[PDB]
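Participant: Following this message is one structure expressed as structure tokens.
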2 protein chains.
Amino acid sequence: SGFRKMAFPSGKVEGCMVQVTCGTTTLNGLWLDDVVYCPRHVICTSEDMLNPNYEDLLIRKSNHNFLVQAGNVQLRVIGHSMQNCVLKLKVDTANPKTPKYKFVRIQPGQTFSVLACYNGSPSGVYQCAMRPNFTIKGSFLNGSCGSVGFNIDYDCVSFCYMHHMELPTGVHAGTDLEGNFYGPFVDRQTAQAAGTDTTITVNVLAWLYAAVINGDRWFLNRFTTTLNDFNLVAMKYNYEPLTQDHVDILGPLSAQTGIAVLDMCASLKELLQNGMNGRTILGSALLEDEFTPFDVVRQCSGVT
Amino acid sequence: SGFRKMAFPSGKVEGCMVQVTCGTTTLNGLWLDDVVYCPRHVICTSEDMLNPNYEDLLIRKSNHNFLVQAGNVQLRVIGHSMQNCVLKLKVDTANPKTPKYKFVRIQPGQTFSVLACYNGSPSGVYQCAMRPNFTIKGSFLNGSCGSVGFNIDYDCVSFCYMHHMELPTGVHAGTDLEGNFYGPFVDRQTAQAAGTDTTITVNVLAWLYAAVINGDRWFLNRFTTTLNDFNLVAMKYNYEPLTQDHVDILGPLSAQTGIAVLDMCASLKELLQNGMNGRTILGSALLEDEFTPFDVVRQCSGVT
Ligand SMILES: O=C1[C@H](c2cccc(Cl)c2)CCCN1c1cncc2ccccc12
Ligand SMILES: O=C1[C@H](c2cccc(Cl)c2)CCCN1c1cncc2ccccc12
């Protein structure tokens, strides 16, 4: 029993973190095999962040200008190239701690663990979600760029995020491991619109299923609804429209609890229309949307 | 910017997790140097959990009855002994992955990271606090016993908790690494009273300071209070009484923000008396108490 905002164990990712310095800028890098991946703005000073021409700035940089340190040892840089918004620094030594890995571009609403890093050293791990507006509500200070987001399937690490930027709003933007930003964001210090952040409806329903499993049942009611009726309410509350794909994914949790997905939708509808009335669900006074249906089954079954 | 319920990186602890089996019972063990620490109820079947005589049960067990597996390799057990509620299994091989470590008995209100484990394999990491009633609101299923709680200071791991039990209430009880339970709990399957769970006032104030630092300021008011006046309100709301020691520890956050500790107390008093009125603080609709003043400074300064 108990339901926590749980992150994946970070050991496999810690063994990949390195420090990358170029000129006066220092950030984190990800060392997998003989390649170190990092945000391309490592070649930038604060001044050229206003309007950088990355290709022109990179021309002034040679292999020896990229200092890569793993713990206390220096890595020899034998190659450099820019792939979208990331630099790939080829080093002469394969990371002996490279786990089995994949690079994946996650979908909005999917969750992942972040290993926040400063100077190539890990400071903390937390779980978060890719918001529908392609931002992440992280916890990142200056120097945390190059910190990565990931998921683990038994022994395989699927890297899905690389931290690059903090918006003036305090939320975070970054890329997949091929250097493509999630959302419309550019690696420029300019005013950028994040967009309307809607609630991940399928995740809130999964979390309601987790609450029933863990004993919190006060919110279950005598009502049902339809997908279209529920969606009229979800629209009014800036909740993502629920589809049959979402209903299908909630299948296992619906079977585990014996509560039909549309009946759970009616409970959600009533919570949206009436509020929590001063009560809590799984120690929260708001509807939590950073647990996917897969996360709930995993945490409630103890997959290692 | 951003404030997350952040856990320590778990790599150092993952390298210590092993599986311990005795008879038909399997749980987790902690391998440090040539010793494996685990809950003493590993010698128990479900039947003798009702009223076990651990010393009599242990008499029927020899070194070869304790199977200790680290990954896929078996460890040879050359010694066994019971220290309070934990067993110490001496093995013939020192853990090559043993980090610098200490065993510490934490104080109620202190926080720590938990690496939940099943069959000696890590499944997830989350941050939690030792409640004033000596329980932890964890996320643990059957098989998670022997999972440990810890803190990290640069490279030293301070082990502070070993999971043993889930109370009928759904909360968790366990021991320090010398086998002494936190609180009044016994390792018996019997009805046990957890006690009144009060809110950790100094932690809520630290979290309010973190909110001001991260930009959420709506709750700051034009009022002040005294320690005695504040405590009259804290009593009414089952909040821990605030002392001058708590005020002194909030010193650095008070200096960082320029908000006197008693002025922040008045903001807290008003939030307790008036509620949140449908608003949030750091993405929460309730007052969060699982961040110590040390946690807030660390997360807001990026200590690795
Ligand atoms: O956002 C940035 C800068 C930036 C500006 C424009 C585009 C890009 Cl790609 C990056 C570069 C310096 C580091 N950085 C930061 C990244 N995360 C958290 C931060 C917390 C406080 C202060 C800066 C932070
Ligand atoms: O609580 C217990 C049992 C127990 C009973 C009485 C005293 C002691 Cl020391 C231990 C032993 C089996 C595992 N266990 C569990 C520990 N944590 C989470 C659990 C979630 C669901 C079911 C059992 C859980």
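In the structure tokens, each chain is lettered A, B, ... as it comes, each chain's residues begin at 1, and ligands are numbered from 1 in order of appearance.
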Using only C-alpha atoms and a cut-off of 7 Å, which residues of chain A sit close to chain B? Please list them as a PyMOL selection string.

Facilitator: chain A and resi 1-11+14+118+121-126+137-141+170+285-286+302-304

Participant: Could you pull out the strand (DSSP E) residues of region 75-297 of chain B from DSSP and send them as an MDAnalysis selection string?

Facilitator: chainID B and resid 75 77:83 86:91 100:103 111:118 121:129 148:153 156:166 172:175

Participant: Determine, counting only C-alpha atoms, which protein, DNA and RNA residues have an atom within 8 Å of an atom of residue 102 (chain B); residues of the same chain fewer than 2 positions away are not included. Present the result as a VMD selection string.

Facilitator: chain B and resid 100 104 156 to 159

Participant: Grab the residues selected above and save them as a PDB file, in the first residue's frame with C-alpha atoms.

Facilitator:
```
ATOM      1  CA  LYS B 100      31.559   5.185   2.204  1.00  0.00           C
ATOM      2  CA  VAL B 104      22.328   6.898  11.628  1.00  0.00           C
ATOM      3  CA  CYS B 156      29.005   9.169   2.091  1.00  0.00           C
ATOM      4  CA  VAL B 157      25.746   7.241   2.370  1.00  0.00           C
ATOM      5  CA  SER B 158      24.040   7.553   5.768  1.00  0.00           C
ATOM      6  CA  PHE B 159      21.674   4.591   6.050  1.00  0.00           C
TER       7      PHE B 159
END
```

Participant: Determine, counting only C-alpha atoms, which protein, DNA and RNA residues have an atom within 9 Å of an atom of residue 39 (chain B); residues of the same chain fewer than 3 positions away are not included. Present the result as a VMD selection string.

Facilitator: chain B and resid 27 to 29 42 to 43 85 to 87 145 to 146 162 to 164 174 to 175 179

Participant: Suppose we keep N, CA, C and O atoms; can you now write the selection as a JSON list (two decimals), in the first residue's frame?

Facilitator:
```
[["chain", "number", "residue", "atom", "x", "y", "z"],
["B", 27, "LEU", "N", 13.25, -11.76, 0.99],
["B", 27, "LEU", "CA", 13.20, -10.31, 1.13],
["B", 27, "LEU", "C", 14.56, -9.72, 0.70],
["B", 27, "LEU", "O", 15.39, -10.43, 0.14],
["B", 28, "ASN", "N", 14.73, -8.42, 0.89],
["B", 28, "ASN", "CA", 15.94, -7.74, 0.48],
["B", 28, "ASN", "C", 16.92, -7.67, 1.63],
["B", 28, "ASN", "O", 16.53, -7.61, 2.80],
["B", 29, "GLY", "N", 18.19, -7.59, 1.28],
["B", 29, "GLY", "CA", 19.27, -7.43, 2.23],
["B", 29, "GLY", "C", 20.21, -6.32, 1.77],
["B", 29, "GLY", "O", 20.25, -5.98, 0.59],
["B", 42, "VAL", "N", 12.79, -12.62, 8.20],
["B", 42, "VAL", "CA", 13.08, -13.47, 7.05],
["B", 42, "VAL", "C", 13.05, -14.97, 7.48],
["B", 42, "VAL", "O", 12.77, -15.83, 6.66],
["B", 43, "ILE", "N", 13.32, -15.28, 8.77],
["B", 43, "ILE", "CA", 13.25, -16.65, 9.27],
["B", 43, "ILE", "C", 11.78, -17.10, 9.56],
["B", 43, "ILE", "O", 11.55, -18.26, 9.93],
["B", 85, "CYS", "N", 16.11, -6.22, 15.79],
["B", 85, "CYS", "CA", 15.19, -6.78, 14.80],
["B", 85, "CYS", "C", 15.83, -7.03, 13.45],
["B", 85, "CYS", "O", 15.10, -7.17, 12.47],
["B", 86, "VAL", "N", 17.18, -7.01, 13.36],
["B", 86, "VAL", "CA", 17.83, -7.31, 12.08],
["B", 86, "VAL", "C", 18.76, -8.51, 12.22],
["B", 86, "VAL", "O", 19.29, -8.77, 13.30],
["B", 87, "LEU", "N", 19.00, -9.22, 11.11],
["B", 87, "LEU", "CA", 19.98, -10.28, 11.09],
["B", 87, "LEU", "C", 21.19, -9.75, 10.35],
["B", 87, "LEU", "O", 21.07, -9.01, 9.40],
["B", 145, "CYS", "N", 10.36, -5.71, 2.06],
["B", 145, "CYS", "CA", 11.08, -5.65, 3.32],
["B", 145, "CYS", "C", 12.58, -5.76, 3.10],
["B", 145, "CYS", "O", 13.03, -6.45, 2.18],
["B", 146, "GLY", "N", 13.33, -5.03, 3.88],
["B", 146, "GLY", "CA", 14.78, -4.96, 3.71],
["B", 146, "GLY", "C", 15.17, -3.80, 2.82],
["B", 146, "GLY", "O", 16.34, -3.44, 2.78],
["B", 162, "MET", "N", 15.32, 0.77, 7.57],
["B", 162, "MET", "CA", 15.18, -0.52, 6.92],
["B", 162, "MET", "C", 13.69, -0.83, 7.03],
["B", 162, "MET", "O", 13.14, -0.74, 8.12],
["B", 163, "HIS", "N", 13.05, -1.08, 5.90],
["B", 163, "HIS", "CA", 11.64, -1.38, 5.89],
["B", 163, "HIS", "C", 11.35, -2.75, 6.47],
["B", 163, "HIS", "O", 11.98, -3.74, 6.08],
["B", 164, "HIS", "N", 10.34, -2.83, 7.36],
["B", 164, "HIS", "CA", 9.94, -4.10, 7.95],
["B", 164, "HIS", "C", 8.45, -4.40, 7.83],
["B", 164, "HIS", "O", 8.08, -5.56, 7.68],
["B", 174, "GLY", "N", 9.47, 0.60, 10.45],
["B", 174, "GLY", "CA", 10.74, -0.05, 10.21],
["B", 174, "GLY", "C", 11.78, 0.35, 11.22],
["B", 174, "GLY", "O", 11.49, 1.02, 12.22],
["B", 175, "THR", "N", 13.03, -0.04, 10.94],
["B", 175, "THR", "CA", 14.10, 0.15, 11.91],
["B", 175, "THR", "C", 15.27, 1.00, 11.42],
["B", 175, "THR", "O", 15.40, 1.21, 10.24],
["B", 179, "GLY", "N", 18.73, -2.30, 13.87],
["B", 179, "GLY", "CA", 17.56, -3.13, 14.15],
["B", 179, "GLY", "C", 16.58, -2.62, 15.19],
["B", 179, "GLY", "O", 15.73, -3.39, 15.65]]
```

Participant: Go ahead and compute the interatomic distance for CA of residue 260 (chain B) and CA of residue 244 (chain B), in Å to one decimal.

Facilitator: 13.1 Å

Participant: Any chance you could list, as an MDAnalysis selection string, the residues in region 150-224 of chain A that come up alpha helix (DSSP H) when DSSP is run on the backbone?

Facilitator: chainID A and resid 201:213

Participant: Give me a file of those residues, with N, CA, C and O atoms, as a compact mmCIF listing (two decimals), in the first residue's frame.

Facilitator:
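And here's result.txt as it stands now:
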```txt
# COMPACT_ATOMS: atom_id res chain seq x y z
N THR A 201 -5.93 13.93 -18.74
CA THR A 201 -7.11 13.19 -18.29
C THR A 201 -6.87 11.71 -18.04
O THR A 201 -7.30 11.21 -17.00
N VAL A 202 -6.23 10.99 -18.98
CA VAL A 202 -6.02 9.55 -18.81
C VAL A 202 -5.17 9.25 -17.56
O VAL A 202 -5.41 8.25 -16.89
N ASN A 203 -4.22 10.14 -17.25
CA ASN A 203 -3.35 10.00 -16.08
C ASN A 203 -4.11 10.24 -14.79
O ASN A 203 -3.91 9.50 -13.82
N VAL A 204 -4.98 11.26 -14.75
CA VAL A 204 -5.83 11.53 -13.58
C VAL A 204 -6.73 10.30 -13.28
O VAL A 204 -6.84 9.88 -12.13
N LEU A 205 -7.30 9.69 -14.33
CA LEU A 205 -8.14 8.51 -14.17
C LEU A 205 -7.32 7.35 -13.64
O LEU A 205 -7.79 6.63 -12.76
N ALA A 206 -6.07 7.18 -14.13
CA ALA A 206 -5.17 6.12 -13.67
C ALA A 206 -4.88 6.34 -12.17
O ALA A 206 -4.93 5.39 -11.39
N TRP A 207 -4.64 7.58 -11.77
CA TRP A 207 -4.36 7.95 -10.37
C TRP A 207 -5.60 7.72 -9.47
O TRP A 207 -5.48 7.30 -8.32
N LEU A 208 -6.80 7.94 -10.02
CA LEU A 208 -8.04 7.63 -9.30
C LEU A 208 -8.14 6.13 -9.11
O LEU A 208 -8.57 5.67 -8.05
N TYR A 209 -7.76 5.33 -10.13
CA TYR A 209 -7.73 3.88 -10.00
C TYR A 209 -6.71 3.47 -8.91
O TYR A 209 -7.01 2.61 -8.08
N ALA A 210 -5.54 4.12 -8.88
CA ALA A 210 -4.52 3.85 -7.86
C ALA A 210 -5.06 4.19 -6.47
O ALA A 210 -4.76 3.47 -5.52
N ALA A 211 -5.88 5.24 -6.35
CA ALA A 211 -6.45 5.61 -5.05
C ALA A 211 -7.42 4.49 -4.56
O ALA A 211 -7.34 4.07 -3.41
N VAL A 212 -8.28 3.99 -5.45
CA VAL A 212 -9.22 2.92 -5.10
C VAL A 212 -8.46 1.67 -4.65
O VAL A 212 -8.80 1.09 -3.63
N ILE A 213 -7.38 1.33 -5.37
CA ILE A 213 -6.53 0.17 -5.08
C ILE A 213 -5.90 0.35 -3.70
O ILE A 213 -5.92 -0.58 -2.90
```

Participant: What's around residue 53 (chain A) at 12 Å? Count only C-alpha atoms, leave out sequence neighbours fewer than 6 positions away in its own chain, and write the answer as a list in words.

Facilitator: residues 40, 41, 43, 44, 59, 60, 85, 187 and 188 of chain A

Participant: Quick one: residues within 8 Å of region 71-82 of chain B, only C-alpha atoms, excluding same-chain residues fewer than 5 positions away - as a PDB file with N, CA and C atoms, in the first residue's frame?

Facilitator:
```
ATOM      1  N   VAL B  18      20.879  -6.927  -2.200  1.00  0.00           N
ATOM      2  CA  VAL B  18      20.938  -8.371  -2.441  1.00  0.00           C
ATOM      3  C   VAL B  18      19.551  -8.980  -2.057  1.00  0.00           C
ATOM      4  N   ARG B  40      14.820  -9.430  10.585  1.00  0.00           N
ATOM      5  CA  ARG B  40      14.890 -10.743  11.219  1.00  0.00           C
ATOM      6  C   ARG B  40      13.678 -11.624  10.903  1.00  0.00           C
ATOM      7  N   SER B  62      20.745 -22.555  10.431  1.00  0.00           N
ATOM      8  CA  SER B  62      22.198 -22.580  10.342  1.00  0.00           C
ATOM      9  C   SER B  62      22.624 -21.662   9.185  1.00  0.00           C
ATOM     10  N   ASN B  63      23.938 -21.390   9.037  1.00  0.00           N
ATOM     11  CA  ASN B  63      24.444 -20.518   7.979  1.00  0.00           C
ATOM     12  C   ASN B  63      23.956 -20.889   6.588  1.00  0.00           C
ATOM     13  N   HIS B  64      23.887 -22.189   6.290  1.00  0.00           N
ATOM     14  CA  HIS B  64      23.471 -22.663   4.965  1.00  0.00           C
ATOM     15  C   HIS B  64      21.972 -22.461   4.671  1.00  0.00           C
ATOM     16  N   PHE B  66      20.470 -19.611   4.948  1.00  0.00           N
ATOM     17  CA  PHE B  66      20.280 -18.240   4.506  1.00  0.00           C
ATOM     18  C   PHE B  66      20.913 -18.141   3.163  1.00  0.00           C
ATOM     19  N   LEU B  87      18.999  -9.218  11.109  1.00  0.00           N
ATOM     20  CA  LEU B  87      19.984 -10.285  11.089  1.00  0.00           C
ATOM     21  C   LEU B  87      21.195  -9.751  10.354  1.00  0.00           C
ATOM     22  N   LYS B  88      22.371 -10.131  10.808  1.00  0.00           N
ATOM     23  CA  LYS B  88      23.619  -9.769  10.183  1.00  0.00           C
ATOM     24  C   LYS B  88      24.190 -11.096   9.698  1.00  0.00           C
ATOM     25  N   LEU B  89      24.252 -11.255   8.392  1.00  0.00           N
ATOM     26  CA  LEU B  89      24.774 -12.473   7.792  1.00  0.00           C
ATOM     27  C   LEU B  89      26.159 -12.132   7.332  1.00  0.00           C
ATOM     28  N   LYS B  90      27.154 -12.789   7.913  1.00  0.00           N
ATOM     29  CA  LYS B  90      28.523 -12.581   7.527  1.00  0.00           C
ATOM     30  C   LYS B  90      28.766 -13.449   6.292  1.00  0.00           C
ATOM     31  N   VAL B  91      29.276 -12.850   5.238  1.00  0.00           N
ATOM     32  CA  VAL B  91      29.582 -13.576   4.014  1.00  0.00           C
ATOM     33  C   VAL B  91      31.106 -13.588   3.817  1.00  0.00           C
ATOM     34  N   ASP B  92      31.616 -14.489   2.957  1.00  0.00           N
ATOM     35  CA  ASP B  92      33.064 -14.585   2.752  1.00  0.00           C
ATOM     36  C   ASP B  92      33.652 -13.533   1.778  1.00  0.00           C
ATOM     37  N   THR B  93      32.802 -12.696   1.179  1.00  0.00           N
ATOM     38  CA  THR B  93      33.250 -11.714   0.206  1.00  0.00           C
ATOM     39  C   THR B  93      32.764 -10.322   0.563  1.00  0.00           C
ATOM     40  N   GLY B 120      15.872  -8.410  -4.267  1.00  0.00           N
ATOM     41  CA  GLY B 120      17.218  -7.853  -4.358  1.00  0.00           C
ATOM     42  C   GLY B 120      17.435  -6.879  -5.505  1.00  0.00           C
ATOM     43  N   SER B 121      16.358  -6.564  -6.254  1.00  0.00           N
ATOM     44  CA  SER B 121      16.421  -5.686  -7.406  1.00  0.00           C
ATOM     45  C   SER B 121      15.646  -4.401  -7.168  1.00  0.00           C
TER      46      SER B 121
END
```

Participant: Hey, what's within 10 Å of residue 200 (chain B) if we count only C-alpha atoms and toss same-chain stuff fewer than 3 positions away? As a compact mmCIF listing (two decimals) with C-alpha atoms, in the first residue's frame, please?

Facilitator:
```txt
# COMPACT_ATOMS: atom_id res chain seq x y z
CA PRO B 108 11.19 12.56 13.57
CA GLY B 109 10.62 15.27 10.92
CA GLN B 110 13.88 14.43 9.10
CA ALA B 129 9.94 11.83 6.01
CA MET B 130 9.99 10.12 9.35
CA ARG B 131 6.62 11.24 10.71
CA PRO B 132 6.41 12.61 14.28
CA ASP B 197 0.28 12.25 13.04
CA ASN B 203 9.28 21.84 7.22
CA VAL B 204 6.07 23.63 6.11
CA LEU B 205 7.81 26.99 6.84
CA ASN B 238 -2.19 19.50 15.05
CA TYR B 239 1.02 21.16 13.88
CA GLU B 240 4.28 20.55 15.83
CA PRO B 241 5.11 23.30 18.34
CA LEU B 242 7.72 25.65 16.86
CA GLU B 288 3.71 20.34 2.31
CA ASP B 289 5.84 19.17 5.27
CA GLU B 290 8.30 16.69 3.68
CA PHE B 291 11.08 19.19 2.91
CA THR B 292 13.43 20.10 5.76
```

Participant: Go through B:49, B:191, B:38, B:235 and flag the residue nearest residue 176 (chain B), using only C-alpha atoms for the distances.

Facilitator: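 Counting only C-alpha atoms, the residue closest to residue 176 (chain B) is B:38.
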
Participant: What separation in Å, quoted to one decimal, exists between CA of residue 33 (chain A) and CA of residue 58 (chain A)?

Facilitator: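 If I compute the distance from CA of residue 33 (chain A) to CA of residue 58 (chain A), I get 23.3 Å.
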
Participant: Record the distance separating CA of residue 155 (chain A) and atom 11 (C, counted along the ligand's line) of ligand 2, expressed in Å with one decimal.

Facilitator: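 The value is 28.1 Å.
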
Participant: Which one is closest to residue 228 (chain B): B:266, B:16, B:271, B:296? Count only C-alpha atoms.

Facilitator: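 For residue 228 (chain B), the nearest of the candidates is B:266.
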
Participant: Which residue gives the smallest distance to residue 274 (chain B) among B:219, B:54, B:98, B:257, with only C-alpha atoms counted?

Facilitator: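 Ranking B:219, B:54, B:98, B:257 by distance to residue 274 (chain B), first place goes to B:219.
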